[PDB]
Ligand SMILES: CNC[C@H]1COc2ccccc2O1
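One chain is shown next in structure tokens, namely the form deposited without this ligand.
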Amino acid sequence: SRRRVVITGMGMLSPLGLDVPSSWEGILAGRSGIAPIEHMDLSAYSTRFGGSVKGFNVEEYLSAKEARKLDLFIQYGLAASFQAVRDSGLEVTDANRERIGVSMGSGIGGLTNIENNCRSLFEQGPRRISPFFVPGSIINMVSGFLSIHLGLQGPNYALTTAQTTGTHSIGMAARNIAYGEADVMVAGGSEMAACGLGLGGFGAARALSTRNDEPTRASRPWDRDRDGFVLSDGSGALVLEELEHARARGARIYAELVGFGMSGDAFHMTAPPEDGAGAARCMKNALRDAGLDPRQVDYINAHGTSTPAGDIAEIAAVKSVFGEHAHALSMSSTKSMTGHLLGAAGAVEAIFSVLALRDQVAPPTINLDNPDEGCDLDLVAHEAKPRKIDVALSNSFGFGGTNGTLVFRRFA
């Protein structure tokens, strides 16, 4: 019968810091991680900024010999996973290694690696493709390389549900532990899609903010002047642990994961329905999964991408689900500061939702200067709001109409 699941470790690379505490300090101070991109020439692109990871040192984590074989999204995933395991205090042994697995996902995976090997193939021929091209680029290799380096013999897999990946990875990892398939899971996601194909591809769809002259003001969820999402890089990992297993080893418990929802919009390949019908179905699934009254929800870490249709759909979903309580809860988009980490968005936002519970503070939605028509909830505009938070919800919505919701609450 269904076991309880708690968070005992977290790890992060974001546009705001090389770990969780540095990233969280940025979140609470309303600081932007968005800047003109330096690692390539974007003069021919309509968008030339994003959330880069600044000063990442892979030799904190991996031999330069192993790192050279791996796409940045895999390096980023391994870094956040290592931080999370270290933070958990968990010791891997012959007695428990079969009961510890990993589910680290990505939306796009090794697009930089694939681009560069495509350049080699076309200009110089197949004999110049890296021998490490496949294992260094495919999405399951965060799970793979993490299991090899730590000796994790539990369930080993990877989700790819575009901008929902991080949320789905965490939720399904919790189900693994809930149903007895594992006692410990490392789950989250990683993304580094800032290459010609990434910025060019989202650019071709006209999905990106083109605010090149004021990059820090680009991501403005629910603001009347929003013009698309900001593309950002990084990783979130959490150590999920069966409750009694955590208690037995004296673990520090950040929070309990009580609810997970999924739903499909079945509406459009890329556009959310205007009324947030799918987001609403997903949140209700997650709240029934948690055995909660919707009035218990204090804080929502919104998907809040800063797209016209996305932001309004979320307001409509929240008002539909929560009715009058919609005006009492606090809802914010940390994407206002981090931009959109795509497959990693749900992973870092789950960590922010947990730290919201730890510190009893709603992160701000920065740049919310002129809330749009009907965006009249507490969106924690401009500045972090200390407040009572017992239950925190983290939402993600992606291409293919894929929805995920995680429900966390304080553990005593």
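Heads up: residue numbers just count along the shown sequence, starting at 1.
Unshown form deposited with this ligand bound; subsequent notes refer to it.
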- Note on the structure: Residue within 4.5 Å of this ligand in the bound PDB entry by heavy atom, from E60, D359, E38, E383, is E60
- Given that this ligand is left out here, which of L150, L243, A326, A251 has a heavy atom within 4.5 Å of it in the bound PDB entry? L150
- Query: Do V85 and this ligand share at least one heavy atom pair within 4.5 Å in the bound PDB entry?
  - Reply: yes
- Message: Counting any heavy atom within 4.5 Å as contact, can you tell me which stretch out of 60-68, 28-36, 373-381, 346-354 lines this ligand in the bound PDB entry?
- Response: 60-68
